[PDB]
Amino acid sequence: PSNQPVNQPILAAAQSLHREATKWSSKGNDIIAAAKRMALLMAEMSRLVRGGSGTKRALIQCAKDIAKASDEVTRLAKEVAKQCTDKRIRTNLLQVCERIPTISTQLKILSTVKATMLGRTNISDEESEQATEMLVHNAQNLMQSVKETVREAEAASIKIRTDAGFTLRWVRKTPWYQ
């Protein structure tokens, strides 16, 4: 009913991950399921960074939730790389996904920094604005790495060993015909 003020750059990054992940079915694909939760959590973050009642504790927990979903995307992508017979894709997948835990650790730290500022009133506008910018840059990097992982995991699905262990299902949620 009351449209909440948001940080547009963190929302646009969240929506972009959401668009990418909703191209696919979550049935038989826990990366897609996790990527979809990350986007909705990142959309919550765009509201939280603008301050308000209980946003300090909420912002800290939201970054922890995003980090847990990130951990899952990375675990799964490494399981896919282990079954992949194409050196180039396997290497891209492992490279593109090993950066995700690093970005999420920085997001937890940057969330705590901003949360501590929301809880105070002696912080300058320049300091408060740059604390948000750091979250913006981190959120954009995180949503980009997850889009890349989703693309490399999907590219690997046709380069999997005979009678493999773990595989992900890649079935479109968009119209089938052109």
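Note that residue numbering follows the sequence shown and begins at 1.
Across the two stretches, 115 to 123 and 137 to 145, the PDB entry reports the greater mean Cα temperature factor for 115 to 123. For the segment pair 149 to 157 and 50 to 58, the entry gives 50 to 58 the higher mean B-factor, averaged over Cα atoms.
Sorting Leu107, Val80, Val73, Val96 by the CA temperature factor given in the entry leaves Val96 at the top. Annotation for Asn29: CA B-factor lies in the lowest third of the chain's modelled residues.
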